[PDB]
>>> print(open('run.pdb').read())   # PDB, C-alpha atoms and all ligand atoms
ATOM      1  CA  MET A   1    -157.103-202.234  80.280  1.00  0.00           C
ATOM      2  CA  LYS A   2    -154.966-205.398  79.804  1.00  0.00           C
ATOM      3  CA  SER A   3    -156.478-208.897  79.834  1.00  0.00           C
ATOM      4  CA  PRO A   4    -155.033-211.924  81.635  1.00  0.00           C
ATOM      5  CA  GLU A   5    -154.246-213.500  78.261  1.00  0.00           C
ATOM      6  CA  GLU A   6    -152.189-210.484  77.308  1.00  0.00           C
ATOM      7  CA  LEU A   7    -150.421-210.714  80.666  1.00  0.00           C
ATOM      8  CA  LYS A   8    -149.388-214.314  79.860  1.00  0.00           C
ATOM      9  CA  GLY A   9    -147.705-213.030  76.674  1.00  0.00           C
ATOM     10  CA  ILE A  10    -146.032-210.236  78.643  1.00  0.00           C
ATOM     11  CA  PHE A  11    -144.699-212.628  81.291  1.00  0.00           C
ATOM     12  CA  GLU A  12    -143.267-214.897  78.568  1.00  0.00           C
ATOM     13  CA  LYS A  13    -141.638-212.023  76.695  1.00  0.00           C
ATOM     14  CA  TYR A  14    -139.756-210.542  79.668  1.00  0.00           C
ATOM     15  CA  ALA A  15    -138.895-213.867  81.334  1.00  0.00           C
ATOM     16  CA  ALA A  16    -137.030-214.976  78.196  1.00  0.00           C
ATOM     17  CA  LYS A  17    -134.572-212.034  78.263  1.00  0.00           C
ATOM     18  CA  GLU A  18    -131.993-213.401  80.679  1.00  0.00           C
ATOM     19  CA  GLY A  19    -131.112-216.533  82.560  1.00  0.00           C
ATOM     20  CA  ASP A  20    -133.764-219.181  82.683  1.00  0.00           C
ATOM     21  CA  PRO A  21    -136.080-218.242  79.821  1.00  0.00           C
ATOM     22  CA  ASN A  22    -139.220-219.484  81.602  1.00  0.00           C
ATOM     23  CA  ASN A  23    -138.771-217.470  84.823  1.00  0.00           C
ATOM     24  CA  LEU A  24    -138.509-213.796  85.760  1.00  0.00           C
ATOM     25  CA  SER A  25    -135.522-212.474  87.657  1.00  0.00           C
ATOM     26  CA  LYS A  26    -135.807-209.241  89.629  1.00  0.00           C
ATOM     27  CA  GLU A  27    -134.172-207.390  86.736  1.00  0.00           C
ATOM     28  CA  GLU A  28    -136.716-208.810  84.265  1.00  0.00           C
ATOM     29  CA  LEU A  29    -139.587-207.911  86.621  1.00  0.00           C
ATOM     30  CA  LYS A  30    -138.232-204.342  86.792  1.00  0.00           C
ATOM     31  CA  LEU A  31    -138.112-204.140  82.965  1.00  0.00           C
ATOM     32  CA  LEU A  32    -141.592-205.638  82.609  1.00  0.00           C
ATOM     33  CA  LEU A  33    -143.143-203.111  84.969  1.00  0.00           C
ATOM     34  CA  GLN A  34    -141.184-200.093  83.667  1.00  0.00           C
ATOM     35  CA  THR A  35    -142.219-200.925  80.102  1.00  0.00           C
ATOM     36  CA  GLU A  36    -145.799-202.221  80.470  1.00  0.00           C
ATOM     37  CA  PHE A  37    -147.160-200.792  83.740  1.00  0.00           C
ATOM     38  CA  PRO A  38    -144.983-197.765  84.527  1.00  0.00           C
ATOM     39  CA  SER A  39    -147.417-196.169  86.991  1.00  0.00           C
ATOM     40  CA  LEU A  40    -147.850-199.330  89.055  1.00  0.00           C
ATOM     41  CA  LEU A  41    -144.827-198.773  91.325  1.00  0.00           C
ATOM     42  CA  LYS A  42    -145.469-195.066  92.029  1.00  0.00           C
ATOM     43  CA  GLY A  43    -148.990-195.829  93.251  1.00  0.00           C
ATOM     44  CA  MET A  44    -147.807-198.487  95.708  1.00  0.00           C
ATOM     45  CA  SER A  45    -146.487-197.877  99.218  1.00  0.00           C
ATOM     46  CA  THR A  46    -143.624-199.873 100.713  1.00  0.00           C
ATOM     47  CA  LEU A  47    -145.512-200.389 103.987  1.00  0.00           C
ATOM     48  CA  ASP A  48    -148.536-201.770 102.127  1.00  0.00           C
ATOM     49  CA  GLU A  49    -146.426-204.190 100.126  1.00  0.00           C
ATOM     50  CA  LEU A  50    -144.445-205.335 103.183  1.00  0.00           C
ATOM     51  CA  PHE A  51    -147.747-205.995 104.921  1.00  0.00           C
ATOM     52  CA  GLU A  52    -148.932-208.043 101.916  1.00  0.00           C
ATOM     53  CA  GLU A  53    -145.662-210.018 101.869  1.00  0.00           C
ATOM     54  CA  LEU A  54    -145.983-210.830 105.584  1.00  0.00           C
ATOM     55  CA  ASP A  55    -149.725-211.569 105.633  1.00  0.00           C
ATOM     56  CA  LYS A  56    -149.566-214.900 103.773  1.00  0.00           C
ATOM     57  CA  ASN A  57    -153.142-216.029 104.549  1.00  0.00           C
ATOM     58  CA  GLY A  58    -154.648-212.615 103.844  1.00  0.00           C
ATOM     59  CA  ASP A  59    -156.652-212.207 107.058  1.00  0.00           C
ATOM     60  CA  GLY A  60    -155.381-208.658 107.598  1.00  0.00           C
ATOM     61  CA  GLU A  61    -153.300-209.629 110.637  1.00  0.00           C
ATOM     62  CA  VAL A  62    -149.641-210.621 111.091  1.00  0.00           C
ATOM     63  CA  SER A  63    -149.305-213.562 113.453  1.00  0.00           C
ATOM     64  CA  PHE A  64    -146.111-214.436 115.349  1.00  0.00           C
ATOM     65  CA  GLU A  65    -145.387-217.100 112.725  1.00  0.00           C
ATOM     66  CA  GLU A  66    -145.763-214.595 109.890  1.00  0.00           C
ATOM     67  CA  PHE A  67    -143.601-212.084 111.780  1.00  0.00           C
ATOM     68  CA  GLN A  68    -140.666-214.502 111.411  1.00  0.00           C
ATOM     69  CA  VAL A  69    -140.302-213.324 107.796  1.00  0.00           C
ATOM     70  CA  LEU A  70    -139.717-209.768 109.065  1.00  0.00           C
ATOM     71  CA  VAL A  71    -137.233-210.999 111.681  1.00  0.00           C
ATOM     72  CA  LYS A  72    -135.059-212.369 108.826  1.00  0.00           C
ATOM     73  CA  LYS A  73    -134.841-208.865 107.335  1.00  0.00           C
ATOM     74  CA  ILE A  74    -133.663-207.048 110.486  1.00  0.00           C
ATOM     75  CA  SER A  75    -129.941-206.259 110.340  1.00  0.00           C
ATOM     76  CA  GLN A  76    -128.440-206.940 113.822  1.00  0.00           C
TER      77      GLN A  76
ATOM     78  CA  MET B   1    -127.895-206.685 119.109  1.00  0.00           C
ATOM     79  CA  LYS B   2    -131.461-207.951 119.604  1.00  0.00           C
ATOM     80  CA  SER B   3    -131.976-211.432 121.050  1.00  0.00           C
ATOM     81  CA  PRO B   4    -134.857-213.682 119.989  1.00  0.00           C
ATOM     82  CA  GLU B   5    -136.490-213.166 123.370  1.00  0.00           C
ATOM     83  CA  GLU B   6    -136.400-209.400 122.889  1.00  0.00           C
ATOM     84  CA  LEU B   7    -138.041-209.664 119.430  1.00  0.00           C
ATOM     85  CA  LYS B   8    -140.854-211.799 120.887  1.00  0.00           C
ATOM     86  CA  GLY B   9    -141.465-209.127 123.549  1.00  0.00           C
ATOM     87  CA  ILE B  10    -141.586-206.413 120.861  1.00  0.00           C
ATOM     88  CA  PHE B  11    -144.096-208.424 118.814  1.00  0.00           C
ATOM     89  CA  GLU B  12    -146.290-208.992 121.882  1.00  0.00           C
ATOM     90  CA  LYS B  13    -146.128-205.381 123.058  1.00  0.00           C
ATOM     91  CA  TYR B  14    -147.372-203.937 119.747  1.00  0.00           C
ATOM     92  CA  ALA B  15    -149.820-206.786 118.920  1.00  0.00           C
ATOM     93  CA  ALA B  16    -151.705-206.145 122.194  1.00  0.00           C
ATOM     94  CA  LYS B  17    -152.505-202.465 121.536  1.00  0.00           C
ATOM     95  CA  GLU B  18    -155.589-202.828 119.303  1.00  0.00           C
ATOM     96  CA  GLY B  19    -158.160-205.426 118.302  1.00  0.00           C
ATOM     97  CA  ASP B  20    -156.967-209.030 118.545  1.00  0.00           C
ATOM     98  CA  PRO B  21    -154.289-208.797 121.244  1.00  0.00           C
ATOM     99  CA  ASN B  22    -152.227-211.695 119.868  1.00  0.00           C
ATOM    100  CA  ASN B  23    -151.866-210.528 116.250  1.00  0.00           C
ATOM    101  CA  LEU B  24    -150.464-207.387 114.640  1.00  0.00           C
ATOM    102  CA  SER B  25    -152.641-205.163 112.415  1.00  0.00           C
ATOM    103  CA  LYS B  26    -151.074-202.915 109.796  1.00  0.00           C
ATOM    104  CA  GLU B  27    -151.457-199.937 112.120  1.00  0.00           C
ATOM    105  CA  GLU B  28    -149.662-201.796 114.886  1.00  0.00           C
ATOM    106  CA  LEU B  29    -146.903-202.903 112.475  1.00  0.00           C
ATOM    107  CA  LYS B  30    -146.423-199.263 111.496  1.00  0.00           C
ATOM    108  CA  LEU B  31    -145.907-198.245 115.135  1.00  0.00           C
ATOM    109  CA  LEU B  32    -143.573-201.161 115.809  1.00  0.00           C
ATOM    110  CA  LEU B  33    -141.345-200.267 112.858  1.00  0.00           C
ATOM    111  CA  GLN B  34    -141.322-196.497 113.449  1.00  0.00           C
ATOM    112  CA  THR B  35    -140.366-197.074 117.100  1.00  0.00           C
ATOM    113  CA  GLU B  36    -137.990-200.043 117.123  1.00  0.00           C
ATOM    114  CA  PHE B  37    -136.561-200.227 113.553  1.00  0.00           C
ATOM    115  CA  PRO B  38    -137.034-196.746 112.051  1.00  0.00           C
ATOM    116  CA  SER B  39    -134.556-197.051 109.163  1.00  0.00           C
ATOM    117  CA  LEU B  40    -135.953-200.378 107.945  1.00  0.00           C
ATOM    118  CA  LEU B  41    -138.832-199.008 105.841  1.00  0.00           C
ATOM    119  CA  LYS B  42    -136.634-196.107 104.703  1.00  0.00           C
ATOM    120  CA  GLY B  43    -134.094-198.554 103.204  1.00  0.00           C
ATOM    121  CA  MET B  44    -136.601-200.871 101.495  1.00  0.00           C
ATOM    122  CA  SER B  45    -137.777-200.455  97.920  1.00  0.00           C
ATOM    123  CA  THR B  46    -141.273-201.241  96.681  1.00  0.00           C
ATOM    124  CA  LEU B  47    -139.890-203.311  93.818  1.00  0.00           C
ATOM    125  CA  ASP B  48    -137.750-205.413  96.169  1.00  0.00           C
ATOM    126  CA  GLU B  49    -140.715-206.175  98.423  1.00  0.00           C
ATOM    127  CA  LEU B  50    -143.025-206.883  95.506  1.00  0.00           C
ATOM    128  CA  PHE B  51    -140.430-209.365  94.249  1.00  0.00           C
ATOM    129  CA  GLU B  52    -140.226-211.008  97.635  1.00  0.00           C
ATOM    130  CA  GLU B  53    -144.029-211.187  97.873  1.00  0.00           C
ATOM    131  CA  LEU B  54    -144.215-213.032  94.537  1.00  0.00           C
ATOM    132  CA  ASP B  55    -141.130-215.259  95.003  1.00  0.00           C
ATOM    133  CA  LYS B  56    -142.777-217.704  97.414  1.00  0.00           C
ATOM    134  CA  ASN B  57    -140.071-220.407  97.348  1.00  0.00           C
ATOM    135  CA  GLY B  58    -137.237-217.888  97.667  1.00  0.00           C
ATOM    136  CA  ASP B  59    -135.168-219.058  94.670  1.00  0.00           C
ATOM    137  CA  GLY B  60    -134.848-215.489  93.376  1.00  0.00           C
ATOM    138  CA  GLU B  61    -136.971-216.292  90.294  1.00  0.00           C
ATOM    139  CA  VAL B  62    -140.696-215.658  89.779  1.00  0.00           C
ATOM    140  CA  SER B  63    -142.429-218.464  87.922  1.00  0.00           C
ATOM    141  CA  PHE B  64    -145.639-218.032  85.937  1.00  0.00           C
ATOM    142  CA  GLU B  65    -147.632-219.583  88.786  1.00  0.00           C
ATOM    143  CA  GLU B  66    -146.000-217.152  91.236  1.00  0.00           C
ATOM    144  CA  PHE B  67    -146.726-214.270  88.827  1.00  0.00           C
ATOM    145  CA  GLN B  68    -150.480-215.031  88.886  1.00  0.00           C
ATOM    146  CA  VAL B  69    -150.805-213.250  92.238  1.00  0.00           C
ATOM    147  CA  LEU B  70    -149.925-210.028  90.434  1.00  0.00           C
ATOM    148  CA  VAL B  71    -152.078-210.842  87.397  1.00  0.00           C
ATOM    149  CA  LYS B  72    -155.188-211.129  89.595  1.00  0.00           C
ATOM    150  CA  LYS B  73    -154.493-207.731  91.195  1.00  0.00           C
ATOM    151  CA  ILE B  74    -154.203-205.706  87.990  1.00  0.00           C
ATOM    152  CA  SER B  75    -156.296-207.556  85.411  1.00  0.00           C
ATOM    153  CA  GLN B  76    -159.871-208.554  84.629  1.00  0.00           C
TER     154      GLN B  76
HETATM  155 CA    CA C 101    -135.452-215.096  82.814  1.00  0.00          CA
HETATM  156 CA    CA C 102    -152.128-213.282 108.519  1.00  0.00          CA
HETATM  157 CA    CA C 103    -153.548-206.406 117.650  1.00  0.00          CA
HETATM  158 CA    CA C 104    -139.679-218.505  92.905  1.00  0.00          CA
END
>>> encode(input="run.pdb", output="structure tokens", more="lines below")
Ligand SMILES: [Ca+2]
Ligand SMILES: [Ca+2]
Ligand SMILES: [Ca+2]
Ligand SMILES: [Ca+2]
Amino acid sequence: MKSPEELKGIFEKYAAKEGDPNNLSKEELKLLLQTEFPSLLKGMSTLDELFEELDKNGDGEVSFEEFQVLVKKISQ
Amino acid sequence: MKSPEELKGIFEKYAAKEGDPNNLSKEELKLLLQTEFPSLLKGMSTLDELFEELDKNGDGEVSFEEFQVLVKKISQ
């Protein structure tokens, strides 16, 4: 549905709301998605997004180096 | 409290189960988390992990260049 040029507009609109007007805080990302793409977060799974966050080179595997980003999250 | 040596042993135990024995697939990561850190996925939100995936330099702001990762996933 949306084009990449539209998405540039969208990024600029919501990034200007608070703080640095050229960058998106977590609160502005939440408002962007709730307003423009409200079904994006209910289709996503947390496990799938953690895996994408860890797998930086996109080979479908988490190496021991890449696992170090998960180790930072563990409470202890 | 888990030491660093213990976390290395956990990584190696679950990485060896399937396929490449030195790297973790998503199915092995699922088993590792359900067994060793069961509340971790329960406590995470999809939005929080999507933000962390996009915020590559960890300054808590997503720049337009960081945002492009999401643009390529949802737009043509
Ligand atoms: Ca902003
Ligand atoms: Ca990888
Ligand atoms: Ca493996
Ligand atoms: Ca950033």
>>> residues_near_point(input="run.pdb", point="(-143.7, -198.6, 84.7)", cutoff="12 Å", atoms="only C-alpha atoms", output="list in words")
residues 29, 30, 31, 32, 33, 34, 35, 36, 37, 38, 39, 40, 41, 42, 43 and 44 of chain A; 47 of chain B
>>> residues_near_ligand(input="run.pdb", ligand="ligand CA 102 (chain C)", cutoff="10 Å", atoms="only C-alpha atoms and all ligand atoms", output="list in words")
residues 51, 52, 53, 54, 55, 56, 57, 58, 59, 60, 61, 62, 63, 64, 65, 66 and 67 of chain A; 23, 24 and 25 of chain B
>>> calpha_fit_rmsd(input="run.pdb", fixed="chain A", moving="chain B")
1.1 Å
>>> atom_distance(input="run.pdb", atom1="CA of residue 28 in chain A", atom2="CA of residue 12 in chain A")
10.6 Å
>>> atom_distance(input="run.pdb", atom1="CA of residue 2 in chain A", atom2="CA of residue 74 in chain B")
8.2 Å
>>> residues_near_ligand(input="run.pdb", ligand="ligand CA 101 (chain C)", cutoff="6 Å", atoms="all atoms listed in the file", output="PDB file with C-alpha atoms, in the frame of the given file")
ATOM      1  CA  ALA A  15    -138.895-213.867  81.334  1.00  0.00           C
ATOM      2  CA  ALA A  16    -137.030-214.976  78.196  1.00  0.00           C
ATOM      3  CA  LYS A  17    -134.572-212.034  78.263  1.00  0.00           C
ATOM      4  CA  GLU A  18    -131.993-213.401  80.679  1.00  0.00           C
ATOM      5  CA  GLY A  19    -131.112-216.533  82.560  1.00  0.00           C
ATOM      6  CA  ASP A  20    -133.764-219.181  82.683  1.00  0.00           C
ATOM      7  CA  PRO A  21    -136.080-218.242  79.821  1.00  0.00           C
ATOM      8  CA  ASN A  22    -139.220-219.484  81.602  1.00  0.00           C
ATOM      9  CA  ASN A  23    -138.771-217.470  84.823  1.00  0.00           C
ATOM     10  CA  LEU A  24    -138.509-213.796  85.760  1.00  0.00           C
ATOM     11  CA  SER A  25    -135.522-212.474  87.657  1.00  0.00           C
TER      12      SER A  25
END
>>> atom_distance(input="run.pdb", atom1="atom CA of ligand CA 103 (chain C)", atom2="CA of residue 14 in chain B")
7.0 Å
>>> closest_residue(input="run.pdb", among="A:9, A:45, A:27, A:69", to="chain B", atoms="all atoms listed in the file")
A:45
>>> residues_around(input="run.pdb", residues="residue 76 in chain A", least_positions_apart="4", cutoff="10 Å", atoms="all atoms listed in the file", output="ChimeraX atom specification")
/A:71-72 /B:1-3
>>> write_last_selection(input="run.pdb", atoms="C-alpha atoms", output="short mmCIF file (atom, residue, chain, number, x, y, z; two decimals), in the coordinates of the input")
data_model
loop_
_atom_site.label_atom_id
_atom_site.label_comp_id
_atom_site.auth_asym_id
_atom_site.auth_seq_id
_atom_site.Cartn_x
_atom_site.Cartn_y
_atom_site.Cartn_z
CA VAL A 71 -137.23 -211.00 111.68
CA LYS A 72 -135.06 -212.37 108.83
CA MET B 1 -127.90 -206.68 119.11
CA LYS B 2 -131.46 -207.95 119.60
CA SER B 3 -131.98 -211.43 121.05
#
>>> axis_aligned_box(input="run.pdb", around="range 12-25 of chain B", padding_each_side="4 Å", output="JSON")
{"center_x": -152.1, "center_y": -207.1, "center_z": 117.7, "size_x": 20.0, "size_y": 17.2, "size_z": 18.6}
>>> decode(input="run.pdb", residues="range 39-55 of chain A", atoms="N, CA, C and O atoms", output="PDB file, in the first residue's frame")
ATOM      1  N   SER A  39      -1.743  -2.581  12.427  1.00  0.00           N
ATOM      2  CA  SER A  39      -1.773  -4.043  12.496  1.00  0.00           C
ATOM      3  C   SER A  39      -0.367  -4.618  12.395  1.00  0.00           C
ATOM      4  O   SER A  39      -0.238  -5.846  12.453  1.00  0.00           O
ATOM      5  N   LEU A  40       0.659  -3.757  12.334  1.00  0.00           N
ATOM      6  CA  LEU A  40       2.004  -4.311  12.184  1.00  0.00           C
ATOM      7  C   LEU A  40       2.421  -5.007  13.466  1.00  0.00           C
ATOM      8  O   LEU A  40       2.849  -6.145  13.369  1.00  0.00           O
ATOM      9  N   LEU A  41       2.225  -4.426  14.648  1.00  0.00           N
ATOM     10  CA  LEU A  41       2.682  -5.071  15.867  1.00  0.00           C
ATOM     11  C   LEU A  41       1.854  -6.258  16.322  1.00  0.00           C
ATOM     12  O   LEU A  41       2.358  -7.050  17.124  1.00  0.00           O
ATOM     13  N   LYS A  42       0.637  -6.474  15.851  1.00  0.00           N
ATOM     14  CA  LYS A  42      -0.106  -7.652  16.316  1.00  0.00           C
ATOM     15  C   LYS A  42       0.199  -8.854  15.440  1.00  0.00           C
ATOM     16  O   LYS A  42      -0.093 -10.004  15.794  1.00  0.00           O
ATOM     17  N   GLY A  43       0.825  -8.616  14.290  1.00  0.00           N
ATOM     18  CA  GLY A  43       1.217  -9.703  13.397  1.00  0.00           C
ATOM     19  C   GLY A  43       2.607 -10.244  13.719  1.00  0.00           C
ATOM     20  O   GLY A  43       3.024 -11.280  13.202  1.00  0.00           O
ATOM     21  N   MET A  44       3.352  -9.512  14.535  1.00  0.00           N
ATOM     22  CA  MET A  44       4.754  -9.839  14.800  1.00  0.00           C
ATOM     23  C   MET A  44       4.843 -10.685  16.066  1.00  0.00           C
ATOM     24  O   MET A  44       4.042 -10.508  16.982  1.00  0.00           O
ATOM     25  N   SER A  45       5.861 -11.540  16.157  1.00  0.00           N
ATOM     26  CA  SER A  45       6.050 -12.294  17.394  1.00  0.00           C
ATOM     27  C   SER A  45       7.330 -11.816  18.061  1.00  0.00           C
ATOM     28  O   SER A  45       8.264 -11.318  17.418  1.00  0.00           O
ATOM     29  N   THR A  46       7.333 -11.828  19.397  1.00  0.00           N
ATOM     30  CA  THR A  46       8.505 -11.303  20.117  1.00  0.00           C
ATOM     31  C   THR A  46       9.728 -12.154  19.796  1.00  0.00           C
ATOM     32  O   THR A  46      10.812 -11.594  19.604  1.00  0.00           O
ATOM     33  N   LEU A  47       9.546 -13.479  19.772  1.00  0.00           N
ATOM     34  CA  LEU A  47      10.670 -14.377  19.474  1.00  0.00           C
ATOM     35  C   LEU A  47      11.254 -14.074  18.102  1.00  0.00           C
ATOM     36  O   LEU A  47      12.486 -14.002  17.937  1.00  0.00           O
ATOM     37  N   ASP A  48      10.395 -13.828  17.100  1.00  0.00           N
ATOM     38  CA  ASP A  48      10.909 -13.540  15.765  1.00  0.00           C
ATOM     39  C   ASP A  48      11.682 -12.250  15.689  1.00  0.00           C
ATOM     40  O   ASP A  48      12.749 -12.152  15.088  1.00  0.00           O
ATOM     41  N   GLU A  49      11.214 -11.195  16.390  1.00  0.00           N
ATOM     42  CA  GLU A  49      11.909  -9.958  16.452  1.00  0.00           C
ATOM     43  C   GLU A  49      13.182 -10.032  17.327  1.00  0.00           C
ATOM     44  O   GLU A  49      14.152  -9.467  16.846  1.00  0.00           O
ATOM     45  N   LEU A  50      13.165 -10.850  18.400  1.00  0.00           N
ATOM     46  CA  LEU A  50      14.461 -10.949  19.115  1.00  0.00           C
ATOM     47  C   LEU A  50      15.515 -11.574  18.207  1.00  0.00           C
ATOM     48  O   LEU A  50      16.695 -11.213  18.183  1.00  0.00           O
ATOM     49  N   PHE A  51      15.069 -12.665  17.519  1.00  0.00           N
ATOM     50  CA  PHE A  51      15.963 -13.355  16.604  1.00  0.00           C
ATOM     51  C   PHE A  51      16.470 -12.368  15.572  1.00  0.00           C
ATOM     52  O   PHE A  51      17.689 -12.360  15.359  1.00  0.00           O
ATOM     53  N   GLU A  52      15.637 -11.514  14.985  1.00  0.00           N
ATOM     54  CA  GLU A  52      16.156 -10.548  14.013  1.00  0.00           C
ATOM     55  C   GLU A  52      17.128  -9.546  14.602  1.00  0.00           C
ATOM     56  O   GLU A  52      18.136  -9.145  14.008  1.00  0.00           O
ATOM     57  N   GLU A  53      16.876  -9.094  15.832  1.00  0.00           N
ATOM     58  CA  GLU A  53      17.784  -8.205  16.552  1.00  0.00           C
ATOM     59  C   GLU A  53      19.137  -8.846  16.827  1.00  0.00           C
ATOM     60  O   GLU A  53      20.187  -8.241  16.565  1.00  0.00           O
ATOM     61  N   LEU A  54      19.141 -10.148  17.161  1.00  0.00           N
ATOM     62  CA  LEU A  54      20.417 -10.824  17.431  1.00  0.00           C
ATOM     63  C   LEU A  54      21.190 -11.166  16.158  1.00  0.00           C
ATOM     64  O   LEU A  54      22.442 -11.159  16.111  1.00  0.00           O
ATOM     65  N   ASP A  55      20.465 -11.586  15.126  1.00  0.00           N
ATOM     66  CA  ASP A  55      21.110 -12.070  13.893  1.00  0.00           C
ATOM     67  C   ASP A  55      21.502 -10.906  12.982  1.00  0.00           C
ATOM     68  O   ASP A  55      20.916 -10.708  11.913  1.00  0.00           O
TER      69      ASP A  55
END
